[PDB]
Number of protein chains: 6
Amino acid sequence: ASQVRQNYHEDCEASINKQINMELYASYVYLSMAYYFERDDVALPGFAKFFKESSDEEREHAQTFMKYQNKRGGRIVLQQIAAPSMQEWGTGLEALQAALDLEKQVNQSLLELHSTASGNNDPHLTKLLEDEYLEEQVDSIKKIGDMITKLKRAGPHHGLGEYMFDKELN
Amino acid sequence: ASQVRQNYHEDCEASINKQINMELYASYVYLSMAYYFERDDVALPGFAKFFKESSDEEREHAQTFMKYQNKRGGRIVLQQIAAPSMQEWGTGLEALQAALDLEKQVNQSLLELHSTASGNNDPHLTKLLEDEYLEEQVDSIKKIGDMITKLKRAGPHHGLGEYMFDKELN
Amino acid sequence: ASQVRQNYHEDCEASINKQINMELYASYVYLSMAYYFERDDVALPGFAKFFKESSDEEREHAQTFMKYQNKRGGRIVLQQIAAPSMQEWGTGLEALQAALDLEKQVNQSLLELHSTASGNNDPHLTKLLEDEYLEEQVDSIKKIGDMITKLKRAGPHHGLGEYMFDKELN
Amino acid sequence: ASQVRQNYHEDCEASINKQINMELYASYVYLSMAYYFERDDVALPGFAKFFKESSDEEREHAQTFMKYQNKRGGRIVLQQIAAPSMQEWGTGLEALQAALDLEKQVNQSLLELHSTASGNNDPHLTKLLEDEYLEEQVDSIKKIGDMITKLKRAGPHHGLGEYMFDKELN
Amino acid sequence: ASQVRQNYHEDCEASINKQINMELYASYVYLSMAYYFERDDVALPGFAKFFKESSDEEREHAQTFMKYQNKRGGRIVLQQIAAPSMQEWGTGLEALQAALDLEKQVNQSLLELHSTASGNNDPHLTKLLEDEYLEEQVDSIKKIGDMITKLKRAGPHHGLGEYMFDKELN
Amino acid sequence: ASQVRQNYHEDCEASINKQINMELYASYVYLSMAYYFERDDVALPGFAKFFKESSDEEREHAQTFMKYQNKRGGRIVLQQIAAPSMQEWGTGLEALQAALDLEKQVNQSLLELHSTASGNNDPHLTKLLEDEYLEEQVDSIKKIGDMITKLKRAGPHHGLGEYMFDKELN
Ligand SMILES: [Fe+3]
Ligand SMILES: [Fe+3]
Ligand SMILES: [Fe+3]
Ligand SMILES: [Fe+3]
Ligand SMILES: [Fe+3]
Ligand SMILES: [Fe+3]
Ligand code: NI
Ligand code: NI
Ligand code: NI
Ligand code: NI
Ligand code: NI
Ligand code: NI
């Protein structure tokens with residue numbers, strides 16, 4: 001085995017490879033949304049910017065797991081990245097709602113990964129999950145929830161409220 | 001008695017202790033409103049900021065009365081701070097209207113305290129009330145009244161007007 | 001329920017509301033001590049400064065729990081803040097000893113809150129408690145213990161030692 | 001159709017969507033190589049850096065095609081991104097040789113895309129391909145060829161030459 | 001007992017004293033290696049620098065445990081520091097391999113200390129171990145593993161590769 | 001023998017190895033004292049700082065002998081470092097008195113080492129001892145003697161004098 005490996009269970013190694021693919025997938029979803037909002041018949045530049053940043057961040061999140069895998073002595077196994085569920089995302093509200101659901105799905109996976117790490121007595125992995133993923137995930141979920149409420153207040157259907165709220169994200 | 005006490009009536013000393021508690025209570029009310037507007041299902045960051053500042057200022061107002069008590073030779077007696085009347089404050093308009101009523105209630109108490117001080121021929125206390133409390137209270141009441149009128153103009157019910165007016169407070 | 005809530009148990013939500021009240025209470029205790037030491041017949045400006053800072057910090061600690069509540073989707077419930085146990089705090093030594101006991105009481109509550117969070121498998125809450133509260137609480141307790149020992153060395157009864165030690169806190 | 005579309009053939013629109021997927025795939029290949037060279041039993045930090053930059057650039061290349069699609073009035077269709085052909089890439093020489101082949105494969109696709117655009121008399125698309133893709137592709141191929149020759153000179157098998165050549169890329 | 005002690009088990013107190021001695025011992029091992037590589041018949045200034053820094057860091061690690069002991073109310077008990085196992089360390093490769101084994105030995109001890117702290121429900125101690133020791137230990141082990149692989153690539157036996165690799169550490 | 005060795009007697013080589021261990025031991029003694037004075041029931045931060053600096057300096061003194069050994073062609077032999085004679089050091093006065101005795105013990109050893117070097121006609125070693133050790137040792141002894149006298153004047157028993165004198169060292 002790896003000269004560096006120590007207290008690193010095969011199940012955590014495999015779950016990290018699954019989380020890598022999921023982070024890359026979420027990055028791909030947000031990339032799809034980003035350029036959907038730059039279509040000439042959508043033209044929501046604030047939403048496009050918001051989702052392009054989230055796409056970059058999720059790709060960074062994937063790479064932090066890849067560095068982590070190598071650091072512990074695991075071996076990165078990269079799978080296929082699925083096409084995004086949608087090709088068109090509707091209104092800003094509907095995209096935010098899809099993002100909220102995705103973020104909560106990633107959070108569930110991460111909490112399961114923490115349970116795996118905790119069950120195998122790997123405090124180094126639980127620390128990584130708490131400090132670098134679980135904290136960020138809760139803040140992201142709270143932020144998206146705030147945005148949904150703000151957009152529902154401003155007027156969530158294709159109108160002046162959506163146009164004004166989009167400026168808040170620019 | 002206190003080596004410093006001079007022309008300081010027991011009734012003014014007691015009324016100051018009552019005003020201290022009332023300032024601390026108003027600070028607590030505004031703190032409740034501040035974090036109500038940061039709930040994910042309210043998301044009014046301008047109102048939250050406005051009330052968090054008012055909460056800090058009312059706590060400062062309480063401390064200025066505590067310094068004053070010590071300066072005159074009175075003795076600070078701290079009571080229980082009551083829970084805020086509400087736990088949820090409705091719309092921005094309703095919170096402003098509750099704040100307006102509270103400010104006018106504090107003003108009434110302060111004017112009564114001035115009458116107590118004037119009745120006991122304490123010009124040092126009347127000066128404190130006029131220069132540090134009564135001036136600020138009238139400006140606060142005028143400001144909140146302005147805000148209520150502006151929010152009623154922009155559209156006071158949970159809609160685009162409330163969302164736009166909230167930006168004026170950010 | 002809240003669009004953001006996830007893996008957030010009702011018991012942790014309720015314990016956070018209890019800790020909020022306790023942080024606000026400790027803030028109130030330290031505020032009482034702060035202005036006790038500014039009485040003209042006490043005149044310990046270093047102790048007053050030390051306790052006024054601790055009062056501000058405990059109010060900040062309360063607000064961090066209020067932000068946390070909102071972040072997780074819980075609902076803040078604010079109760080009555082009890083009057084401080086004492087209105088007069090004796091010598092500097094006696095105030096420090098009362099502060100030490102209060103800090104250890106808050107620490108016990110926080111460790112219980114960690115046990116609640118751990119029992120409900122909430123690593124996000126255990127992380128908050130470890131990184132933002134338990135670390136600060138142990139440092140505060142060690143610091144107060146140091147101060148008590150230093151004041152006992154300098155001369156803890158109302159004399160030159162207390163006067164000189166007070167300058168160390170200015 | 002799109003209010004902006006003009007002289008934009010359905011075949012060019014479809015070929016752009018195919019090139020987007022291929023750019024994303026090459027980005028994924030280079031990402032795999034990048035973290036392969038950070039394995040503790042490979043430890044080639046110069047190669048890792050070189051491939052991580054190429055991974056970022058190919059993702060940028062994909063996005064430029066996505067902006068282009070939207071600019072012309074086409075509609076972005078995102079497919080599945082295939083897993084990289086390899087999970088382990090051997091020596092630096094073998095990775096460079098795999099990169100050279102991939103770059104020449106992308107170049108072939110781009111030249112075919114130019115033939116499609118030229119056959120449909122779309123000078124705007126031929127200009128994009130010449131100015132933004134074909135130029136970069138030839139420079140990349142020449143650079144990788146230079147590197148292969150340099151590494152073959154320094155000593156391409158796992159030895160001092162590979163270790164010294166890796167420093168040239170750091 | 002100590003006026004500050006709270007939730008601090010005698011077994012954790014004793015294990016900290018054992019870890020202090022082990023950190024001081026590792027510091028001593030690295031000090032031996034550092035000046036071995038400055039012998040006139042070894043003359044590997046990069047290795048000497050690398051091990052002198054690790055010697056300083058392990059002594060700092062020991063002191064952080066000594067501060068921690070005092071912070072929790074435990075009592076520092078200092079034992080004998082054993083002579084390093086070797087007086088001469090061979091080649092750079094052999095010293096790195098000895099360092100790797102020592103680092104993994106310290107890591108095992110620290111993970112056991114975490115299990116002790118976790119078994120006694122001391123989250124403050126588990127936090128210290130995760131944030132200040134376990135993170136650093138894994139990075140150190142990964143770094144040494146990288147170095148071993150790099151030196152095996154450059155040529156690990158007393159030759160040009162060892163001479164060139166030594167410059168990477170200067 | 002060493003290609004560099006010249007006029008370097010085996011007895012001086014062995015005495016240097018003995019002095020190395022003694023410098024490391026004194027460093028360990030001062031480290032013990034340093035963190036004794038940071039105990040919550042001692043709280044003498046000036047003494048702690050003074051002894052932590054002396055601990056660092058004695059470790060530097062050990063390293064200068066290790067560099068010297070290598071410079072002359074001798075071979076460093078590292079022994080066991082004994083536990084400090086005490087685990088608790090009493091008052092500041094008692095620690096200073098223990099330090100004074102230790103410094104005079106090291107001085108005696110160094111003067112014996114000078115006699116060894118002089119007896120073997122090694123002027124290079126006598127120069128090192130005079131310029132780098134004997135000068136520093138006499139200044140240290142004079143300084144500690146000054147401090148003892150100053151602390152005896154201020155009031156050496158656990159009281160205001162010890163508390164005030166401790167500030168002189170901060
Ligand atoms: Fe993520
Ligand atoms: Fe007020
Ligand atoms: Fe607190
Ligand atoms: Fe490309
Ligand atoms: Fe260490
Ligand atoms: Fe010395
Ligand atoms: Ni709609
Ligand atoms: Ni309404
Ligand atoms: Ni007393
Ligand atoms: Ni080969
Ligand atoms: Ni060999
Ligand atoms: Ni004594």
# chains A, B, ... in the order shown; residues from 1 in each chain; ligands from 1

call {"tool": "interface_residues", "arguments": {"of": "chain E", "to": "chain A", "cutoff": "9 Å", "atoms": "only C-alpha atoms", "output": "list in words"}}
result
residues 100, 104, 107, 108, 111, 114, 115, 126, 127, 130, 131, 134, 135, 138, 139, 141, 142, 143, 144 and 145 of chain E

call {"tool": "calpha_fit_and_write", "arguments": {"fixed": "chain A", "moving": "chain D", "output": "short mmCIF file (atom, residue, chain, number, x, y, z; two decimals) with C-alpha atoms, in the first residue's frame"}}
result
data_model
loop_
_atom_site.label_atom_id
_atom_site.label_comp_id
_atom_site.auth_asym_id
_atom_site.auth_seq_id
_atom_site.Cartn_x
_atom_site.Cartn_y
_atom_site.Cartn_z
CA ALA D 1 0.00 0.00 0.00
CA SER D 2 0.93 3.68 0.05
CA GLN D 3 3.95 4.59 2.17
CA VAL D 4 1.82 7.42 3.65
CA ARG D 5 -1.45 5.60 4.33
CA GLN D 6 -2.46 5.38 7.98
CA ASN D 7 -5.89 4.96 9.59
CA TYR D 8 -7.52 5.45 6.19
CA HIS D 9 -10.36 2.99 5.62
CA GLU D 10 -11.23 1.64 2.17
CA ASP D 11 -14.84 2.80 2.67
CA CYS D 12 -13.84 6.40 3.26
CA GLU D 13 -11.51 6.20 0.26
CA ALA D 14 -14.41 5.03 -1.91
CA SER D 15 -16.88 7.58 -0.53
CA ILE D 16 -14.42 10.39 -1.32
CA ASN D 17 -14.28 9.21 -4.92
CA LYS D 18 -18.09 9.32 -4.99
CA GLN D 19 -18.11 12.85 -3.53
CA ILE D 20 -15.56 13.99 -6.11
CA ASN D 21 -17.91 12.98 -8.91
CA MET D 22 -20.84 14.68 -7.19
CA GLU D 23 -18.91 17.93 -6.76
CA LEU D 24 -17.92 17.81 -10.43
CA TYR D 25 -21.55 17.16 -11.35
CA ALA D 26 -22.83 20.14 -9.33
CA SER D 27 -20.14 22.25 -10.97
CA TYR D 28 -21.52 21.11 -14.33
CA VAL D 29 -25.12 21.89 -13.32
CA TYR D 30 -24.15 25.44 -12.31
CA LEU D 31 -22.20 25.90 -15.53
CA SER D 32 -25.33 24.95 -17.49
CA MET D 33 -27.41 27.47 -15.52
CA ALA D 34 -24.76 30.16 -15.95
CA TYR D 35 -24.86 30.13 -19.73
CA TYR D 36 -28.62 29.57 -19.83
CA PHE D 37 -28.98 33.00 -18.21
CA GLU D 38 -26.76 34.52 -20.92
CA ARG D 39 -29.12 33.40 -23.70
CA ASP D 40 -30.39 36.40 -25.63
CA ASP D 41 -33.99 35.46 -24.68
CA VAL D 42 -33.21 35.20 -20.94
CA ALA D 43 -30.67 38.01 -20.34
CA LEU D 44 -30.30 37.78 -16.56
CA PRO D 45 -26.64 38.78 -16.09
CA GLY D 46 -26.77 38.75 -12.28
CA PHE D 47 -28.03 35.15 -12.15
CA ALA D 48 -25.48 34.13 -14.78
CA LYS D 49 -22.66 35.60 -12.68
CA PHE D 50 -23.97 33.97 -9.49
CA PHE D 51 -24.09 30.53 -11.09
CA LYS D 52 -20.76 30.86 -12.86
CA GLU D 53 -19.10 31.56 -9.50
CA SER D 54 -20.86 28.57 -7.92
CA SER D 55 -19.68 26.46 -10.84
CA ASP D 56 -16.06 27.52 -10.23
CA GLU D 57 -16.38 26.91 -6.49
CA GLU D 58 -17.80 23.41 -6.89
CA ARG D 59 -14.92 22.51 -9.21
CA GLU D 60 -12.58 23.80 -6.50
CA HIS D 61 -14.43 21.68 -3.94
CA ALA D 62 -13.85 18.64 -6.16
CA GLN D 63 -10.12 19.41 -6.35
CA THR D 64 -9.84 19.77 -2.57
CA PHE D 65 -11.20 16.23 -2.28
CA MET D 66 -8.71 15.09 -4.90
CA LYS D 67 -5.84 16.65 -2.96
CA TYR D 68 -7.24 15.05 0.18
CA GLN D 69 -7.38 11.61 -1.43
CA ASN D 70 -3.71 11.87 -2.43
CA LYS D 71 -2.76 13.27 0.98
CA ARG D 72 -4.21 10.25 2.81
CA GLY D 73 -2.76 7.72 0.36
CA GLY D 74 -6.03 6.85 -1.37
CA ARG D 75 -6.26 6.59 -5.13
CA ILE D 76 -8.44 8.93 -7.18
CA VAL D 77 -10.89 7.14 -9.47
CA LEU D 78 -12.67 9.51 -11.83
CA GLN D 79 -16.01 8.53 -13.32
CA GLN D 80 -18.26 9.90 -16.00
CA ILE D 81 -19.90 13.27 -15.20
CA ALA D 82 -23.61 13.04 -15.93
CA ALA D 83 -25.36 15.57 -18.10
CA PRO D 84 -27.32 18.14 -16.08
CA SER D 85 -30.90 17.07 -15.41
CA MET D 86 -32.18 20.11 -17.33
CA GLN D 87 -30.95 22.01 -20.36
CA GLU D 88 -33.25 25.00 -19.66
CA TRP D 89 -33.90 26.24 -16.16
CA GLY D 90 -36.98 28.47 -16.38
CA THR D 91 -37.10 31.63 -14.29
CA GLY D 92 -34.56 32.81 -11.74
CA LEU D 93 -36.81 31.48 -8.99
CA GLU D 94 -36.94 28.02 -10.54
CA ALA D 95 -33.16 27.92 -10.96
CA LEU D 96 -32.65 28.99 -7.35
CA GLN D 97 -35.11 26.34 -6.21
CA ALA D 98 -33.24 23.72 -8.25
CA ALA D 99 -29.96 24.97 -6.75
CA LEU D 100 -31.39 24.80 -3.23
CA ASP D 101 -32.42 21.18 -3.78
CA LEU D 102 -29.02 20.30 -5.22
CA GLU D 103 -27.20 21.97 -2.31
CA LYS D 104 -29.33 20.03 0.17
CA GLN D 105 -28.59 16.83 -1.76
CA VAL D 106 -24.84 17.48 -1.58
CA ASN D 107 -25.18 18.29 2.12
CA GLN D 108 -26.93 14.94 2.73
CA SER D 109 -24.12 13.13 0.95
CA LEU D 110 -21.52 15.02 3.00
CA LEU D 111 -23.26 14.23 6.29
CA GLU D 112 -23.33 10.57 5.26
CA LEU D 113 -19.62 10.82 4.48
CA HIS D 114 -19.09 12.24 7.96
CA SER D 115 -21.00 9.29 9.43
CA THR D 116 -18.79 6.90 7.45
CA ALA D 117 -15.65 8.69 8.68
CA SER D 118 -16.92 8.80 12.26
CA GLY D 119 -17.86 5.11 12.15
CA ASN D 120 -14.32 4.25 11.10
CA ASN D 121 -12.73 6.52 13.77
CA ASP D 122 -11.03 8.84 11.28
CA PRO D 123 -10.94 12.25 13.04
CA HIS D 124 -8.77 13.71 10.32
CA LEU D 125 -11.51 13.11 7.76
CA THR D 126 -14.30 14.32 10.04
CA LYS D 127 -12.28 17.52 10.60
CA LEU D 128 -11.92 18.08 6.85
CA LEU D 129 -15.65 17.58 6.33
CA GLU D 130 -16.60 19.93 9.18
CA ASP D 131 -14.08 22.68 8.44
CA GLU D 132 -14.11 22.69 4.62
CA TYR D 133 -17.46 21.33 3.47
CA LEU D 134 -20.21 21.25 6.07
CA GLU D 135 -19.67 24.88 7.10
CA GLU D 136 -19.70 26.10 3.50
CA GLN D 137 -22.73 23.99 2.63
CA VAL D 138 -24.91 25.42 5.41
CA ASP D 139 -23.95 29.00 4.51
CA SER D 140 -24.73 28.33 0.84
CA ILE D 141 -28.12 26.85 1.75
CA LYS D 142 -28.97 29.81 4.00
CA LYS D 143 -27.88 32.24 1.27
CA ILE D 144 -29.97 30.58 -1.44
CA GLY D 145 -32.93 30.49 0.94
CA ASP D 146 -32.51 34.22 1.56
CA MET D 147 -32.39 34.84 -2.19
CA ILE D 148 -35.53 32.78 -2.84
CA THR D 149 -37.40 34.77 -0.18
CA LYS D 150 -36.09 38.06 -1.57
CA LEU D 151 -37.09 37.14 -5.12
CA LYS D 152 -40.53 35.99 -3.94
CA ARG D 153 -40.90 39.39 -2.28
CA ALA D 154 -39.72 41.39 -5.30
CA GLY D 155 -41.93 39.45 -7.70
CA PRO D 156 -40.74 36.03 -8.79
CA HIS D 157 -42.45 35.77 -12.15
CA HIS D 158 -40.86 37.21 -15.29
CA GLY D 159 -41.40 40.89 -14.51
CA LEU D 160 -39.93 44.05 -13.00
CA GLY D 161 -39.20 42.33 -9.68
CA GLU D 162 -37.06 39.67 -11.33
CA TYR D 163 -35.31 42.38 -13.33
CA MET D 164 -34.59 44.45 -10.21
CA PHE D 165 -33.55 41.45 -8.11
CA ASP D 166 -31.14 40.40 -10.86
CA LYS D 167 -29.28 43.69 -10.32
CA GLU D 168 -28.68 42.74 -6.66
CA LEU D 169 -26.57 39.81 -7.96
CA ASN D 170 -24.55 41.72 -10.57
#

call {"tool": "select_by_dssp", "arguments": {"residues": "region 8-50 of chain A", "states": "alpha helix (DSSP H)", "output": "ChimeraX atom specification"}}
result
/A:10-36,45-50

call {"tool": "write_last_selection", "arguments": {"atoms": "N, CA, C and O atoms", "output": "CSV table (one decimal), in the first residue's frame"}}
result
chain,number,residue,atom,x,y,z
A,10,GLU,N,-10.8,1.8,3.6
A,10,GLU,CA,-11.2,1.6,2.2
A,10,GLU,C,-12.6,2.2,1.9
A,10,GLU,O,-12.9,2.7,0.8
A,11,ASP,N,-13.5,2.3,2.9
A,11,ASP,CA,-14.8,2.8,2.7
A,11,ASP,C,-14.8,4.3,2.6
A,11,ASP,O,-15.6,4.9,1.8
A,12,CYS,N,-14.0,5.0,3.4
A,12,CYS,CA,-13.8,6.4,3.3
A,12,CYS,C,-13.2,6.8,1.9
A,12,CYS,O,-13.6,7.7,1.3
A,13,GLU,N,-12.2,6.0,1.6
A,13,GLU,CA,-11.5,6.2,0.3
A,13,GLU,C,-12.5,6.1,-0.9
A,13,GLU,O,-12.5,7.0,-1.8
A,14,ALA,N,-13.4,5.2,-0.8
A,14,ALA,CA,-14.4,5.0,-1.9
A,14,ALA,C,-15.5,6.1,-1.9
A,14,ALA,O,-15.9,6.6,-2.9
A,15,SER,N,-15.9,6.5,-0.7
A,15,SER,CA,-16.9,7.6,-0.5
A,15,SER,C,-16.3,8.9,-1.0
A,15,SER,O,-17.1,9.7,-1.6
A,16,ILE,N,-15.0,9.2,-0.8
A,16,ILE,CA,-14.4,10.4,-1.3
A,16,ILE,C,-14.5,10.4,-2.8
A,16,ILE,O,-14.8,11.4,-3.5
A,17,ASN,N,-14.2,9.3,-3.5
A,17,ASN,CA,-14.3,9.2,-4.9
A,17,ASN,C,-15.7,9.5,-5.4
A,17,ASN,O,-15.9,10.1,-6.4
A,18,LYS,N,-16.7,9.0,-4.6
A,18,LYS,CA,-18.1,9.3,-5.0
A,18,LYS,C,-18.4,10.8,-4.8
A,18,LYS,O,-19.0,11.4,-5.7
A,19,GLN,N,-17.9,11.4,-3.7
A,19,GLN,CA,-18.1,12.9,-3.5
A,19,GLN,C,-17.4,13.7,-4.6
A,19,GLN,O,-17.9,14.7,-5.0
A,20,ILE,N,-16.2,13.3,-5.0
A,20,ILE,CA,-15.6,14.0,-6.1
A,20,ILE,C,-16.5,14.1,-7.3
A,20,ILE,O,-16.6,15.2,-7.9
A,21,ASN,N,-17.0,13.0,-7.7
A,21,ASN,CA,-17.9,13.0,-8.9
A,21,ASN,C,-19.1,13.9,-8.7
A,21,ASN,O,-19.6,14.6,-9.6
A,22,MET,N,-19.7,13.9,-7.5
A,22,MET,CA,-20.8,14.7,-7.2
A,22,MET,C,-20.5,16.2,-7.2
A,22,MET,O,-21.3,17.0,-7.6
A,23,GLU,N,-19.3,16.5,-6.7
A,23,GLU,CA,-18.9,17.9,-6.8
A,23,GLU,C,-18.7,18.4,-8.2
A,23,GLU,O,-19.1,19.5,-8.6
A,24,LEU,N,-18.1,17.5,-9.0
A,24,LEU,CA,-17.9,17.8,-10.4
A,24,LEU,C,-19.3,17.9,-11.1
A,24,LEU,O,-19.4,18.8,-12.0
A,25,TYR,N,-20.2,17.1,-10.7
A,25,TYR,CA,-21.5,17.2,-11.4
A,25,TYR,C,-22.2,18.5,-11.0
A,25,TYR,O,-22.8,19.1,-11.9
A,26,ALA,N,-22.2,18.9,-9.7
A,26,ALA,CA,-22.8,20.1,-9.3
A,26,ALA,C,-22.1,21.3,-10.0
A,26,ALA,O,-22.8,22.3,-10.4
A,27,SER,N,-20.8,21.2,-10.2
A,27,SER,CA,-20.1,22.3,-11.0
A,27,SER,C,-20.7,22.3,-12.4
A,27,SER,O,-20.9,23.4,-12.9
A,28,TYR,N,-21.0,21.2,-13.0
A,28,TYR,CA,-21.5,21.1,-14.3
A,28,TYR,C,-22.9,21.7,-14.4
A,28,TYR,O,-23.3,22.4,-15.3
A,29,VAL,N,-23.8,21.3,-13.4
A,29,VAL,CA,-25.1,21.9,-13.3
A,29,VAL,C,-25.1,23.4,-13.3
A,29,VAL,O,-25.8,24.1,-14.1
A,30,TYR,N,-24.2,24.0,-12.4
A,30,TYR,CA,-24.2,25.4,-12.3
A,30,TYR,C,-23.6,26.1,-13.6
A,30,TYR,O,-24.0,27.2,-13.9
A,31,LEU,N,-22.7,25.4,-14.3
A,31,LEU,CA,-22.2,25.9,-15.5
A,31,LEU,C,-23.3,26.0,-16.6
A,31,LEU,O,-23.4,26.9,-17.3
A,32,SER,N,-24.2,24.9,-16.6
A,32,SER,CA,-25.3,24.9,-17.5
A,32,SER,C,-26.2,26.1,-17.2
A,32,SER,O,-26.6,26.9,-18.1
A,33,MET,N,-26.6,26.3,-15.9
A,33,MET,CA,-27.4,27.5,-15.5
A,33,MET,C,-26.8,28.8,-15.9
A,33,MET,O,-27.4,29.7,-16.3
A,34,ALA,N,-25.4,28.9,-15.7
A,34,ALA,CA,-24.8,30.2,-16.0
A,34,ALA,C,-25.0,30.6,-17.4
A,34,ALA,O,-25.3,31.8,-17.7
A,35,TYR,N,-24.8,29.7,-18.3
A,35,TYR,CA,-24.9,30.1,-19.7
A,35,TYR,C,-26.3,30.1,-20.2
A,35,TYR,O,-26.6,30.8,-21.2
A,36,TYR,N,-27.2,29.4,-19.6
A,36,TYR,CA,-28.6,29.6,-19.8
A,36,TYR,C,-29.0,31.0,-19.6
A,36,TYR,O,-29.8,31.6,-20.4
A,45,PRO,N,-28.1,38.8,-16.3
A,45,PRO,CA,-26.6,38.8,-16.1
A,45,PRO,C,-26.3,38.6,-14.6
A,45,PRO,O,-25.2,38.0,-14.4
A,46,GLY,N,-27.1,39.0,-13.7
A,46,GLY,CA,-26.8,38.8,-12.3
A,46,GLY,C,-26.9,37.3,-11.9
A,46,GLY,O,-26.0,36.7,-11.2
A,47,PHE,N,-27.9,36.6,-12.4
A,47,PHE,CA,-28.0,35.2,-12.1
A,47,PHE,C,-26.9,34.4,-12.8
A,47,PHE,O,-26.3,33.5,-12.3
A,48,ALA,N,-26.6,34.8,-14.1
A,48,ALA,CA,-25.5,34.1,-14.8
A,48,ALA,C,-24.2,34.2,-14.0
A,48,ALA,O,-23.5,33.2,-13.8
A,49,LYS,N,-23.9,35.4,-13.5
A,49,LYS,CA,-22.7,35.6,-12.7
A,49,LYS,C,-22.7,34.7,-11.4
A,49,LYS,O,-21.7,34.1,-11.1
A,50,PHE,N,-23.8,34.8,-10.7
A,50,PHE,CA,-24.0,34.0,-9.5
A,50,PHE,C,-23.7,32.5,-9.8
A,50,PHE,O,-23.0,31.8,-9.0
